[PDB]
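Here the structure comes first, spelled out in structure tokens, and everything after it is commentary.
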Amino acid sequence: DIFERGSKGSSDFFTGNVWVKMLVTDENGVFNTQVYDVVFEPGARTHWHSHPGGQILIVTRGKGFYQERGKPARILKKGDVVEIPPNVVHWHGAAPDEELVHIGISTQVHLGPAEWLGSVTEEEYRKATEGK
Amino acid sequence: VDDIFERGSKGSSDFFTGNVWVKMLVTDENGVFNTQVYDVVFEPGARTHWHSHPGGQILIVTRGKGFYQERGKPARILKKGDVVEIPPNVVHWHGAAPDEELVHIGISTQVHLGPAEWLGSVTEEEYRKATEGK
């Protein structure tokens, strides 16, 4: 609705079909902040990862999940704002039944890039999402 | 705190001309992010005063029609989907079109570099010249 779909996200960092559109790439480092828009098709999600800088998600459409490692998953819908603290290992993605669209803001980009870990397994995903 | 309001808290005449509603999305009370995020509605004709942010600002337009102008430069027309990169210390205003509202997300970057510096109102002549017939 607000933005066109971006380009297909790498299978190295995503499970399923995800489209990413860079809004602010901050190539010159002026803002120390990057901004992206992402569409997760049903079932699609990031791998587990963390950022040294805090991340902010703003949900613009659909239904999805955010989960920090060892913690219960949080249900996302339009309007929700997720503050992802620095270094917290987490994933986010769509509900099984419905796409998720959100803006993402990476803060304190200079602290370093995302650290990518393992995929969110089918088991982890079902456990987090089944019947919610 | 701003969740208590229907449209947000009404913009103070100290900083805005006309009717504006602001909802803070990220206040960063605890400085975890060095960034603040807000959602703003400008009714037609409403706009910020001239101001600058030491750390810069990013606008993401979600609805309607507005204008962005840097001191001494031609105004830029804003529509849904537009992204405005406002560099550190650049003096500017933004706001709605004369006959349509503007809604946008604002991101104040590098907050630790200081608060916004607020200058004069955008005069009716400045606004008319910026917007009339556009």
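Tabulated data
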{"quantity": "Which numbered condition A:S11 fails, given (1) polar (S, T, N, Q); (2) surrounded by fewer than 15 Cβ atoms within 10 Å (Cβ to Cβ); (3) in contact (Cβ under 8 Å) with a residue 60 or more places away in the chain", "calculated": "(3)"}
{"quantity": "Any hit, segment A:14-25, residues being over 28 Å from B:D3 (Cα atoms) and aromatic (F, W, Y)", "calculated": "yes"}
{"quantity": "Flag for A:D26 being in contact (Cβ under 8 Å) with a residue 24 or more places away in the chain, among the acidic types (D, E) and at positive phi", "calculated": "yes"}
{"quantity": "Residue tally, condition within 12 Å of chain B (Cβ to nearest Cβ) and assigned to a strand (DSSP E or B), over segment A:21-61", "calculated": "15"}
{"quantity": "B:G95, sole failed condition from (1) within 14 Å of chain A (Cβ to nearest Cβ); (2) under 12 Å from the mean Cα position of the chain (by Cα)", "calculated": "(1)"}
{"quantity": "Members of segment A:80-100 that are of a type outside the set (D, E, K, R) and more than 10 Å from A:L57 (Cα to Cα)", "calculated": "A:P85, A:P86, A:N87, A:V88, A:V89, A:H90, A:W91, A:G93, A:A94, A:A95, A:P96, A:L100"}
{"quantity": "Elements of type strands (runs of 3 or more DSSP E) contained in segment B:63-122, each with 2 or more residues being surrounded by fewer than 16 Cβ atoms within 10 Å (Cβ to Cβ) and touching a residue at least 40 places away in the same chain (Cβ under 8 Å)", "calculated": "none"}
{"quantity": "Residue within segment B:11-18 that is of a type in the set (F, W, Y) and either more than 23 Å from A:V35 (Cβ to Cβ) or not in a loop (DSSP other than H, G, I, E, B) (or both) present", "calculated": "yes"}
{"quantity": "Segment B:16-47, residues that are of a type in the set (S, T, Y) and crowded, with 21+ Cβ neighbours inside 10 Å", "calculated": "B:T35"}
{"quantity": "Number of the exception - B:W50 against (1) more than 30 Å from A:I84 (Cα to Cα); (2) without any contact (Cβ under 8 Å) to a residue 60 or more places away in the chain; (3) surrounded by 16 or more Cβ atoms within 10 Å (Cβ to Cβ); (4) touching a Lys or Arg at 6+ places or on another chain (Cβ under 9 Å)", "calculated": "(2)"}
{"quantity": "Restricting segment A:62-89 to residues that are over 17 Å from A:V120 (Cα atoms) and touching a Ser or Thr at 6+ places or on another chain (Cβ under 9 Å), the residue that is nearest to the other protein chains (Cβ to nearest Cβ)", "calculated": "A:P86"}
{"quantity": "Residue list for segment A:98-108, filter: facing chain B (nearest Cβ under 10 Å) and hydrophobic (A, V, I, L, M, F, W, C)", "calculated": "A:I103, A:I105"}
{"quantity": "Subset of segment A:16-39 [out of contact with any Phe, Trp or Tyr (no Cβ under 6 Å at 6 or more places or on another chain) and more than 23 Å from A:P86 (Cα to Cα)]", "calculated": "A:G16, A:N17, A:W19"}
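Throughout, read-outs are computed from the coordinates displayed, never taken from laboratory work. Every residue, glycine among them, receives a Cβ derived from its backbone with ideal geometry; neighbour counts consider all protein chains shown.
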